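Below is one structure, written out as structure tokens; the observations come after it.
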Amino acid sequence: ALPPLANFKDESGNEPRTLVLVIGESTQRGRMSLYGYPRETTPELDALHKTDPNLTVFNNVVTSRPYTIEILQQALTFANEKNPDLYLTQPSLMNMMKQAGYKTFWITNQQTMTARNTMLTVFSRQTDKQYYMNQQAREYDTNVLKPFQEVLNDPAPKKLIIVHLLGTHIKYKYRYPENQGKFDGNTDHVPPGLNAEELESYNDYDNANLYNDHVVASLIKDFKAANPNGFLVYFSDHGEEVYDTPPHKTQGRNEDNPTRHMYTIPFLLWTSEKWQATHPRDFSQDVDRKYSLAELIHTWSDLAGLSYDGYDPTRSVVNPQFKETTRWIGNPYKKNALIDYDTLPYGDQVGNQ
Ligand code: NA
């Protein structure tokens, strides 16, 4: 029902390309070894970072809200903390890619109620083809690998593939097979004072991070094996507090009682050899920019070569005109409840910038 973006231009040429957006779940930045966590929770992404120069790891990206649909309404559209309702009145990322001539796909391991009017159902239905892999629980994110490959074989020249993961969502133990609890009973690098149940939950979160590492690295590896022209962006919708913050008694997500570990997120960009060769771009000076996921659509636009009325290059984290703005958190529907993420304590801790 919304009109297309005005003065729409695509400067990325007309060669076929495949662009991938991997939406993880409840994965914070501070529990991945890729970001300095002393437990080896992400070995495959670490090795990929060591061996592949086209993997760009962003170190200072946070989400704006710690609830899935509440953040995705901002990340996937032009809405943000100051204007949270723009997802109703302006196009989404998927709409934008359709206007650019892409065939769009939604692959998900999250239980979607297709017969019901949920906001996630609407977003996934904004694409040309959907793969609902979890419609009924032990359904692991590797479920997405088979349809992903299938979509890679789809003959459309320009393709957008969205992969929605369960990631490290509660309950953590159910995110990975029972025989893959590498950190079960381990007490190294554990905060003090946990009881048996809290300790088991902590180690469960690290195990879920291990499996999520395997899944994301597998997506990148299979994508690369297709020898594609394009790139893949991986981000988590939000983090998750798992006894990280002193006094180490809190587990979960609470917007009105925020901690940094609820808001820090991984943010990775893998660029294929063909795309890097055809679209030369240096990201090495962008990796430490302080950025909020709420403006993702501009970064994506920048990466896709798209410009239009409403495009803001200064809010793209890969743009030379990038200008840091306040990384707002807090409920945007309460009266003047927005606060600067930087004001939260314990910002000096590893992975908690
Ligand atoms: Na937005």
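Here are a few things to note about the model shown:
- Residues of region 61-85 that are more than 20 Å from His169 (Cα to Cα), of a type outside the set (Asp, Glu) and surrounded by fewer than 18 Cβ atoms within 10 Å (Cβ to Cβ): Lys82, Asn83.
- Filter pass, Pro91 being of a type outside the set (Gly, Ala, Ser), within 16 Å of the ligand (Cβ to nearest atom) and either within 20 Å of the chain's Cα centre (by Cα) or crowded, with 16+ Cβ neighbours inside 10 Å (or both): yes
- Residue match in region 78-85 (condition: within 15 Å of the chain's Cα centre (by Cα), outside any helix (DSSP H, G or I) and within 20 Å of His164 (Cβ to Cβ)): no
- Residue in region 302-313 that is assigned to a strand (DSSP E or B), within 29 Å of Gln90 (Cβ to Cβ), out of contact with any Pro (no Cβ under 8 Å at 6 or more places or on another chain) and among the aliphatic types (A, V, I, L, M) present: yes
- Considering residues of region 208-228 that are surrounded by fewer than 23 Cβ atoms within 10 Å (Cβ to Cβ) and of a type in the set (S, T, N, Q) only, the residue nearest to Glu273 (Cα to Cα): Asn227
- Candidate set: region 75-88, residues that are of a type in the set (A, V, I, L, M, F, W, C) and within 9 Å of the ligand (Cβ to nearest atom); chosen: the one nearest to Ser236 (Cα to Cα): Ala75
- Residue within region 62-74 that is in contact with a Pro (Cβ under 8 Å, 6 or more places away or on another chain) and more than 12 Å from the ligand (Cβ to nearest atom) present: yes
- For region 285-306, a residue qualifies if it is more than 15 Å from the ligand (Cβ to nearest atom) and either among the basic types (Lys, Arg) or touching a helix residue (DSSP H, G or I) at 6+ places or on another chain (Cβ under 6 Å) (or both), and the qualifying residues are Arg289, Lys290.
Where a number appears in this text, it was derived from the coordinates with a stated rule and is not lab data. So basically every Cβ, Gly included, is an ideal-geometry build from the backbone, and we count neighbours across all protein chains shown.
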